[PDB]
file start-v2.cif (mmCIF, N, CA, C and O atoms)
data_final
#
loop_
_atom_site.label_atom_id
_atom_site.label_comp_id
_atom_site.auth_asym_id
_atom_site.auth_seq_id
_atom_site.Cartn_x
_atom_site.Cartn_y
_atom_site.Cartn_z
N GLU A 7 -156.88 -258.76 180.75
CA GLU A 7 -156.58 -257.58 181.62
C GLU A 7 -157.01 -256.27 180.96
O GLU A 7 -157.78 -256.27 180.00
N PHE A 8 -156.51 -255.16 181.49
CA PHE A 8 -156.89 -253.83 181.00
C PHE A 8 -155.68 -252.99 180.60
O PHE A 8 -154.76 -252.79 181.39
N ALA A 9 -155.71 -252.49 179.37
CA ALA A 9 -154.62 -251.66 178.85
C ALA A 9 -155.13 -250.31 178.35
O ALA A 9 -156.29 -250.20 177.93
N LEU A 10 -154.27 -249.30 178.40
CA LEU A 10 -154.61 -247.97 177.90
C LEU A 10 -155.12 -248.07 176.46
O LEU A 10 -154.51 -248.75 175.63
N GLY A 11 -156.24 -247.42 176.18
CA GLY A 11 -156.83 -247.49 174.85
C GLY A 11 -157.54 -248.81 174.59
O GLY A 11 -158.26 -248.94 173.59
N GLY A 12 -157.34 -249.78 175.48
CA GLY A 12 -157.96 -251.08 175.31
C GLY A 12 -159.45 -251.08 175.60
O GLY A 12 -159.96 -250.19 176.28
N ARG A 13 -160.15 -252.08 175.08
CA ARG A 13 -161.58 -252.23 175.32
C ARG A 13 -161.81 -252.83 176.70
O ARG A 13 -160.90 -253.39 177.30
N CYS A 14 -163.04 -252.70 177.18
CA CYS A 14 -163.45 -253.27 178.45
C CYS A 14 -164.97 -253.22 178.51
O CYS A 14 -165.60 -252.59 177.65
N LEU A 15 -165.55 -253.88 179.50
CA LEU A 15 -166.99 -253.81 179.72
C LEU A 15 -167.22 -253.22 181.11
O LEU A 15 -166.48 -253.52 182.05
N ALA A 16 -168.23 -252.37 181.24
CA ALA A 16 -168.50 -251.75 182.52
C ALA A 16 -169.99 -251.58 182.78
O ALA A 16 -170.77 -251.27 181.87
N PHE A 17 -170.38 -251.81 184.03
CA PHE A 17 -171.76 -251.59 184.42
C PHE A 17 -171.99 -250.09 184.54
O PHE A 17 -171.16 -249.36 185.10
N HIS A 18 -173.10 -249.65 183.99
CA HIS A 18 -173.56 -248.29 184.16
C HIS A 18 -175.02 -248.51 184.49
O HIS A 18 -175.85 -248.73 183.61
N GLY A 19 -175.33 -248.49 185.78
CA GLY A 19 -176.66 -248.87 186.22
C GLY A 19 -176.66 -250.39 186.27
O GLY A 19 -175.62 -250.98 186.52
N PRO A 20 -177.81 -251.03 186.02
CA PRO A 20 -177.88 -252.49 186.09
C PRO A 20 -177.35 -253.26 184.88
O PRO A 20 -177.28 -254.49 184.94
N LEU A 21 -176.98 -252.57 183.80
CA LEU A 21 -176.50 -253.25 182.59
C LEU A 21 -175.05 -252.93 182.23
O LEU A 21 -174.49 -251.94 182.70
N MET A 22 -174.45 -253.77 181.38
CA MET A 22 -173.05 -253.62 180.96
C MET A 22 -172.91 -253.00 179.58
O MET A 22 -173.73 -253.24 178.70
N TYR A 23 -171.86 -252.20 179.40
CA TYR A 23 -171.61 -251.52 178.13
C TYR A 23 -170.13 -251.56 177.78
O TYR A 23 -169.27 -251.63 178.66
N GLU A 24 -169.84 -251.50 176.48
CA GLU A 24 -168.47 -251.48 176.01
C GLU A 24 -167.89 -250.09 176.19
O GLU A 24 -168.56 -249.09 175.93
N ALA A 25 -166.64 -250.03 176.64
CA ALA A 25 -165.97 -248.77 176.87
C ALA A 25 -164.50 -248.85 176.48
O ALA A 25 -163.99 -249.93 176.18
N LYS A 26 -163.84 -247.70 176.47
CA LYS A 26 -162.44 -247.60 176.13
C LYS A 26 -161.70 -247.00 177.32
O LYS A 26 -162.17 -246.02 177.91
N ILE A 27 -160.57 -247.59 177.69
CA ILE A 27 -159.78 -247.11 178.82
C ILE A 27 -158.86 -245.95 178.40
O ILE A 27 -157.98 -246.11 177.56
N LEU A 28 -159.09 -244.79 179.00
CA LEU A 28 -158.32 -243.59 178.68
C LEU A 28 -157.28 -243.25 179.73
O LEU A 28 -156.29 -242.58 179.43
N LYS A 29 -157.50 -243.72 180.96
CA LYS A 29 -156.57 -243.48 182.07
C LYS A 29 -156.56 -244.65 183.03
O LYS A 29 -157.58 -245.30 183.24
N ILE A 30 -155.40 -244.91 183.63
CA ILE A 30 -155.26 -245.99 184.60
C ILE A 30 -154.65 -245.46 185.90
O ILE A 30 -153.50 -245.05 185.93
N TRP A 31 -155.45 -245.49 186.96
CA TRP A 31 -155.07 -244.96 188.25
C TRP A 31 -154.36 -245.97 189.15
O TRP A 31 -154.75 -247.14 189.23
N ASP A 32 -153.32 -245.51 189.83
CA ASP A 32 -152.56 -246.33 190.76
C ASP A 32 -152.81 -245.74 192.15
O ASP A 32 -152.42 -244.61 192.42
N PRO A 33 -153.46 -246.50 193.04
CA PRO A 33 -153.79 -246.00 194.38
C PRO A 33 -152.56 -245.63 195.22
O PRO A 33 -152.63 -244.69 196.02
N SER A 34 -151.47 -246.38 195.04
CA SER A 34 -150.24 -246.18 195.80
C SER A 34 -149.54 -244.85 195.52
O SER A 34 -149.27 -244.08 196.44
N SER A 35 -149.23 -244.61 194.25
CA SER A 35 -148.53 -243.41 193.85
C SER A 35 -149.48 -242.24 193.67
O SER A 35 -149.04 -241.11 193.47
N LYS A 36 -150.77 -242.52 193.74
CA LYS A 36 -151.82 -241.52 193.50
C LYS A 36 -151.59 -240.79 192.19
O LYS A 36 -151.78 -239.57 192.10
N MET A 37 -151.18 -241.55 191.18
CA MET A 37 -150.93 -241.03 189.84
C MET A 37 -151.57 -241.97 188.81
O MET A 37 -151.64 -243.18 189.02
N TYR A 38 -152.03 -241.40 187.70
CA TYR A 38 -152.62 -242.19 186.64
C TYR A 38 -151.85 -242.01 185.34
O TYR A 38 -151.14 -241.03 185.17
N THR A 39 -152.00 -242.97 184.44
CA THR A 39 -151.39 -242.90 183.12
C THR A 39 -152.49 -242.54 182.12
O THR A 39 -153.66 -242.85 182.35
N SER A 40 -152.12 -241.88 181.02
CA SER A 40 -153.09 -241.45 180.03
C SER A 40 -152.63 -241.66 178.59
O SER A 40 -151.44 -241.80 178.32
N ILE A 41 -153.60 -241.69 177.68
CA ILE A 41 -153.30 -241.81 176.25
C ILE A 41 -153.58 -240.48 175.56
O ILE A 41 -154.56 -239.80 175.88
N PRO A 42 -152.72 -240.10 174.60
CA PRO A 42 -152.88 -238.86 173.83
C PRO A 42 -154.10 -238.90 172.91
O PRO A 42 -155.24 -238.99 173.38
N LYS A 57 -145.67 -241.82 181.71
CA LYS A 57 -146.07 -240.42 181.86
C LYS A 57 -147.06 -240.19 183.00
O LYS A 57 -147.97 -239.37 182.88
N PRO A 58 -146.89 -240.89 184.13
CA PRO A 58 -147.80 -240.73 185.27
C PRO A 58 -147.93 -239.28 185.73
O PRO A 58 -146.97 -238.51 185.62
N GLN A 59 -149.10 -238.93 186.24
CA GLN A 59 -149.37 -237.58 186.73
C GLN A 59 -150.43 -237.61 187.82
O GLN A 59 -151.31 -238.47 187.82
N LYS A 60 -150.34 -236.67 188.76
CA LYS A 60 -151.30 -236.59 189.85
C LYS A 60 -152.58 -235.95 189.34
O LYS A 60 -152.62 -235.44 188.22
N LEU A 61 -153.63 -235.98 190.16
CA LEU A 61 -154.91 -235.39 189.79
C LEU A 61 -154.81 -233.87 189.66
O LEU A 61 -154.36 -233.18 190.58
N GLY A 62 -155.23 -233.36 188.50
CA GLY A 62 -155.18 -231.94 188.22
C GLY A 62 -156.21 -231.12 188.97
O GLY A 62 -157.11 -231.66 189.61
N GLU A 63 -156.08 -229.80 188.87
CA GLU A 63 -156.95 -228.84 189.54
C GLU A 63 -158.43 -229.23 189.58
O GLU A 63 -159.04 -229.23 190.65
N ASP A 64 -159.00 -229.55 188.42
CA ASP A 64 -160.42 -229.88 188.35
C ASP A 64 -160.71 -231.37 188.19
O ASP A 64 -161.84 -231.76 187.85
N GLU A 65 -159.71 -232.21 188.44
CA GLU A 65 -159.88 -233.65 188.35
C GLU A 65 -160.13 -234.26 189.72
O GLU A 65 -159.74 -233.68 190.74
N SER A 66 -160.79 -235.42 189.75
CA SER A 66 -161.05 -236.11 191.00
C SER A 66 -161.60 -237.51 190.80
O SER A 66 -162.18 -237.82 189.75
N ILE A 67 -161.42 -238.36 191.80
CA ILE A 67 -161.92 -239.72 191.78
C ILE A 67 -162.74 -239.95 193.04
O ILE A 67 -162.31 -239.57 194.13
N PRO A 68 -163.93 -240.53 192.91
CA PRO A 68 -164.80 -240.81 194.06
C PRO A 68 -164.07 -241.52 195.21
O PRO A 68 -163.41 -242.53 194.99
N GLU A 69 -164.19 -240.98 196.42
CA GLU A 69 -163.54 -241.58 197.58
C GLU A 69 -163.98 -243.03 197.79
O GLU A 69 -163.32 -243.79 198.48
N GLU A 70 -165.10 -243.40 197.18
CA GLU A 70 -165.63 -244.76 197.27
C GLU A 70 -164.74 -245.77 196.55
O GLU A 70 -164.72 -246.95 196.91
N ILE A 71 -164.01 -245.31 195.53
CA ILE A 71 -163.17 -246.21 194.74
C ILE A 71 -161.70 -245.80 194.61
O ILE A 71 -160.90 -246.55 194.05
N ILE A 72 -161.35 -244.62 195.12
CA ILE A 72 -160.00 -244.08 194.93
C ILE A 72 -158.84 -244.86 195.58
O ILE A 72 -157.68 -244.66 195.21
N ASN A 73 -159.14 -245.73 196.53
CA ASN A 73 -158.09 -246.49 197.19
C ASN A 73 -157.79 -247.79 196.45
O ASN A 73 -156.88 -248.53 196.82
N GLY A 74 -158.56 -248.05 195.41
CA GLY A 74 -158.34 -249.22 194.58
C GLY A 74 -157.88 -248.79 193.21
O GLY A 74 -157.80 -247.59 192.91
N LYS A 75 -157.57 -249.77 192.37
CA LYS A 75 -157.20 -249.52 190.99
C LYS A 75 -158.44 -248.97 190.28
O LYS A 75 -159.51 -249.56 190.36
N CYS A 76 -158.29 -247.83 189.61
CA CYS A 76 -159.40 -247.21 188.91
C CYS A 76 -159.06 -246.99 187.45
O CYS A 76 -157.89 -246.95 187.08
N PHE A 77 -160.10 -246.85 186.64
CA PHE A 77 -159.94 -246.64 185.21
C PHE A 77 -160.89 -245.55 184.74
O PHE A 77 -162.08 -245.58 185.07
N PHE A 78 -160.37 -244.59 183.98
CA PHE A 78 -161.22 -243.56 183.40
C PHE A 78 -161.61 -244.05 182.01
O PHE A 78 -160.77 -244.19 181.12
N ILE A 79 -162.90 -244.31 181.84
CA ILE A 79 -163.40 -244.91 180.60
C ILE A 79 -164.38 -244.04 179.83
O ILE A 79 -165.10 -243.21 180.40
N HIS A 80 -164.39 -244.24 178.51
CA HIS A 80 -165.35 -243.58 177.65
C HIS A 80 -166.24 -244.67 177.08
O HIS A 80 -165.76 -245.59 176.42
N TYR A 81 -167.54 -244.57 177.35
CA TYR A 81 -168.49 -245.55 176.83
C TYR A 81 -168.66 -245.36 175.34
O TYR A 81 -168.91 -244.25 174.88
N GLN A 82 -168.52 -246.45 174.59
CA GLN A 82 -168.65 -246.43 173.14
C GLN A 82 -170.03 -245.94 172.70
O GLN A 82 -171.06 -246.43 173.16
N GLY A 83 -170.04 -244.94 171.81
CA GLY A 83 -171.28 -244.39 171.31
C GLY A 83 -171.94 -243.35 172.20
O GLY A 83 -173.01 -242.84 171.88
N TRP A 84 -171.31 -243.05 173.34
CA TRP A 84 -171.84 -242.05 174.26
C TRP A 84 -170.98 -240.80 174.20
O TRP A 84 -169.80 -240.87 173.82
N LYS A 85 -171.55 -239.66 174.56
CA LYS A 85 -170.77 -238.43 174.60
C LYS A 85 -169.80 -238.48 175.78
O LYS A 85 -170.07 -239.13 176.79
N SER A 86 -168.67 -237.79 175.63
CA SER A 86 -167.62 -237.80 176.64
C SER A 86 -168.02 -237.22 177.99
O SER A 86 -167.31 -237.40 178.98
N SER A 87 -169.14 -236.52 178.05
CA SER A 87 -169.61 -235.96 179.32
C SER A 87 -170.01 -237.10 180.25
O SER A 87 -170.16 -236.90 181.46
N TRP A 88 -170.19 -238.29 179.68
CA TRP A 88 -170.52 -239.48 180.46
C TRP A 88 -169.26 -240.20 180.96
O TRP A 88 -169.36 -241.13 181.75
N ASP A 89 -168.09 -239.76 180.48
CA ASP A 89 -166.82 -240.36 180.89
C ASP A 89 -166.69 -240.35 182.41
O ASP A 89 -167.14 -239.41 183.07
N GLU A 90 -166.09 -241.39 182.98
CA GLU A 90 -165.97 -241.47 184.43
C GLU A 90 -164.92 -242.47 184.90
O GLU A 90 -164.44 -243.29 184.12
N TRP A 91 -164.57 -242.39 186.19
CA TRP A 91 -163.67 -243.34 186.82
C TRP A 91 -164.49 -244.51 187.37
O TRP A 91 -165.54 -244.29 187.97
N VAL A 92 -164.01 -245.73 187.18
CA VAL A 92 -164.67 -246.92 187.72
C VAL A 92 -163.64 -247.90 188.30
O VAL A 92 -162.51 -248.01 187.82
N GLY A 93 -164.03 -248.61 189.36
CA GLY A 93 -163.16 -249.60 189.97
C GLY A 93 -163.52 -251.01 189.56
O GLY A 93 -164.46 -251.21 188.78
N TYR A 94 -162.79 -251.99 190.10
CA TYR A 94 -163.03 -253.41 189.83
C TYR A 94 -164.44 -253.81 190.26
O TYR A 94 -164.90 -254.94 190.06
N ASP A 95 -165.10 -252.82 190.83
CA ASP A 95 -166.47 -252.83 191.28
C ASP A 95 -167.42 -252.94 190.07
O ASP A 95 -168.32 -253.78 190.05
N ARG A 96 -167.20 -252.11 189.07
CA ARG A 96 -168.06 -252.05 187.89
C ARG A 96 -167.38 -252.42 186.57
O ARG A 96 -168.07 -252.67 185.58
N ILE A 97 -166.05 -252.45 186.54
CA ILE A 97 -165.32 -252.76 185.31
C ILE A 97 -164.99 -254.24 185.14
O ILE A 97 -164.69 -254.94 186.11
N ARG A 98 -165.05 -254.71 183.89
CA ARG A 98 -164.75 -256.11 183.58
C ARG A 98 -163.94 -256.26 182.29
O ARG A 98 -164.02 -255.43 181.39
N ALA A 99 -163.15 -257.33 182.22
CA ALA A 99 -162.32 -257.62 181.06
C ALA A 99 -163.17 -257.86 179.83
O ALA A 99 -164.24 -258.45 179.91
N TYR A 100 -162.70 -257.39 178.68
CA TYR A 100 -163.41 -257.66 177.45
C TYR A 100 -163.10 -259.09 177.04
O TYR A 100 -162.07 -259.36 176.42
N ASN A 101 -163.98 -260.01 177.43
CA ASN A 101 -163.82 -261.42 177.09
C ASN A 101 -165.16 -262.14 176.96
O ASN A 101 -166.19 -261.63 177.40
N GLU A 102 -165.12 -263.32 176.36
CA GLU A 102 -166.30 -264.14 176.11
C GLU A 102 -167.20 -264.35 177.32
O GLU A 102 -168.42 -264.24 177.21
N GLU A 103 -166.61 -264.65 178.47
CA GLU A 103 -167.38 -264.90 179.68
C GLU A 103 -168.16 -263.68 180.15
O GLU A 103 -169.33 -263.79 180.52
N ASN A 104 -167.52 -262.51 180.11
CA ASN A 104 -168.18 -261.26 180.51
C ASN A 104 -169.16 -260.78 179.44
O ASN A 104 -170.19 -260.17 179.76
N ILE A 105 -168.86 -261.05 178.18
CA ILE A 105 -169.77 -260.71 177.09
C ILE A 105 -171.05 -261.54 177.24
O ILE A 105 -172.15 -261.04 177.02
N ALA A 106 -170.89 -262.80 177.63
CA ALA A 106 -172.04 -263.67 177.86
C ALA A 106 -172.86 -263.15 179.03
O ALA A 106 -174.09 -263.17 178.99
N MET A 107 -172.17 -262.67 180.07
CA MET A 107 -172.85 -262.10 181.23
C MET A 107 -173.68 -260.88 180.80
O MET A 107 -174.84 -260.74 181.19
N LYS A 108 -173.06 -260.02 179.99
CA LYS A 108 -173.73 -258.84 179.45
C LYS A 108 -175.02 -259.26 178.74
O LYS A 108 -176.10 -258.77 179.07
N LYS A 109 -174.90 -260.16 177.78
CA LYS A 109 -176.05 -260.65 177.02
C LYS A 109 -177.12 -261.24 177.91
O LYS A 109 -178.31 -261.02 177.69
N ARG A 110 -176.70 -261.98 178.94
CA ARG A 110 -177.64 -262.63 179.85
C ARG A 110 -178.47 -261.62 180.66
O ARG A 110 -179.66 -261.84 180.88
N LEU A 111 -177.86 -260.53 181.09
CA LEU A 111 -178.59 -259.50 181.83
C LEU A 111 -179.61 -258.81 180.94
O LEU A 111 -180.72 -258.51 181.36
N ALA A 112 -179.21 -258.57 179.69
CA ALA A 112 -180.07 -257.96 178.69
C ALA A 112 -181.33 -258.80 178.50
O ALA A 112 -182.44 -258.26 178.48
N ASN A 113 -181.16 -260.12 178.36
CA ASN A 113 -182.28 -261.03 178.17
C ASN A 113 -183.16 -261.21 179.41
O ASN A 113 -184.35 -261.47 179.30
N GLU A 114 -182.56 -261.07 180.59
CA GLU A 114 -183.33 -261.16 181.83
C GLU A 114 -184.26 -259.95 181.95
O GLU A 114 -185.41 -260.08 182.37
N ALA A 115 -183.75 -258.78 181.57
CA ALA A 115 -184.54 -257.56 181.61
C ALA A 115 -185.60 -257.59 180.51
O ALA A 115 -186.71 -257.09 180.69
N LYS A 116 -185.24 -258.20 179.39
CA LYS A 116 -186.17 -258.40 178.28
C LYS A 116 -187.34 -259.27 178.75
O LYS A 116 -188.50 -259.02 178.40
N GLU A 117 -187.02 -260.28 179.55
CA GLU A 117 -188.01 -261.19 180.10
C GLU A 117 -188.81 -260.54 181.22
O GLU A 117 -190.00 -260.82 181.38
N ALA A 118 -188.15 -259.68 182.00
CA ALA A 118 -188.82 -258.96 183.08
C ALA A 118 -189.81 -257.97 182.48
O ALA A 118 -190.92 -257.80 182.99
N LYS A 119 -189.38 -257.32 181.40
CA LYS A 119 -190.23 -256.37 180.68
C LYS A 119 -191.47 -257.08 180.16
O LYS A 119 -192.59 -256.63 180.36
N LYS A 120 -191.25 -258.20 179.48
CA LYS A 120 -192.33 -259.00 178.92
C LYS A 120 -193.30 -259.41 180.01
O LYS A 120 -194.51 -259.32 179.83
N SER A 121 -192.77 -259.85 181.15
CA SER A 121 -193.60 -260.31 182.25
C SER A 121 -194.58 -259.28 182.79
O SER A 121 -195.78 -259.53 182.83
N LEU A 122 -194.08 -258.12 183.21
CA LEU A 122 -194.97 -257.12 183.81
C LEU A 122 -195.83 -256.38 182.79
O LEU A 122 -196.93 -255.94 183.12
N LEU A 123 -195.33 -256.24 181.57
CA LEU A 123 -196.06 -255.54 180.52
C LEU A 123 -197.38 -256.25 180.23
O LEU A 123 -198.38 -255.61 179.92
N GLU A 124 -197.37 -257.58 180.36
CA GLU A 124 -198.59 -258.36 180.16
C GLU A 124 -199.47 -258.30 181.40
O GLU A 124 -200.58 -257.76 181.36
N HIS A 125 -198.96 -258.83 182.51
CA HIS A 125 -199.69 -258.86 183.78
C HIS A 125 -199.98 -257.46 184.33
O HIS A 125 -200.51 -257.32 185.44
N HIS A 126 -199.65 -256.43 183.56
CA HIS A 126 -199.85 -255.05 183.98
C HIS A 126 -201.31 -254.75 184.32
O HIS A 126 -201.66 -254.63 185.50
N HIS A 127 -202.14 -254.65 183.28
CA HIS A 127 -203.57 -254.34 183.42
C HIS A 127 -204.20 -254.73 184.75
O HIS A 127 -204.77 -253.86 185.43
#
call {"tool": "encode", "arguments": {"input": "start-v2.cif", "output": "structure tokens"}}
result
Amino acid sequence: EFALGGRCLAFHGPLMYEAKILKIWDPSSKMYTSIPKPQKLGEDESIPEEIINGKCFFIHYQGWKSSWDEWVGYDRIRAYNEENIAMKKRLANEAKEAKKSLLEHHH
């Protein structure tokens, strides 16, 4: 599952990346929890209407600047586990193979 400060994997574009959960949104109470206590969305805060009715998570991608931080739903977020890690690796290798394929047949 997903816990505050816990690791997770998330799609950003067609590939998956490791991230850290900083906030957990509850669609019902319209309040999220945070790591240094539920609270509503602040003056300059917001969640995409595309995912706001579901459980959302505000994540920070490991090794990326915080300006990339964002809310994601069960749409793009996945549990940090062997099966999803394998999925991550598999997509990487498929793109590696796709790259190899067209780079040759390019000319």
call {"tool": "resolve_selection", "arguments": {"input": "start-v2.cif", "expression": "the PyMOL selection byres ((chain A and resi 32-60) around 8)", "output": "number ranges by chain"}}
result
A: 10-11, 27-31, 61-63, 65, 71-78
call {"tool": "select_by_dssp", "arguments": {"input": "start-v2.cif", "residues": "chain A", "states": "strand (DSSP E or B)", "output": "ChimeraX atom specification"}}
result
/A:13-18,21-32,37-40,59,76-81,90-93,97-98
call {"tool": "resolve_selection", "arguments": {"input": "start-v2.cif", "expression": "the PyMOL selection byres ((chain A and resi 22-26) around 4.5)", "output": "count of residues only"}}
result
14
call {"tool": "atom_distance", "arguments": {"input": "start-v2.cif", "atom1": "atom CA of residue 93 of chain A", "atom2": "atom C of residue 116 of chain A"}}
result
28.4 Å
call {"tool": "atom_distance", "arguments": {"input": "start-v2.cif", "atom1": "atom CA of residue 91 of chain A", "atom2": "atom CA of residue 67 of chain A"}}
result
6.4 Å
call {"tool": "atom_distance", "arguments": {"input": "start-v2.cif", "atom1": "atom C of residue 100 of chain A", "atom2": "atom O of residue 113 of chain A"}}
result
21.5 Å
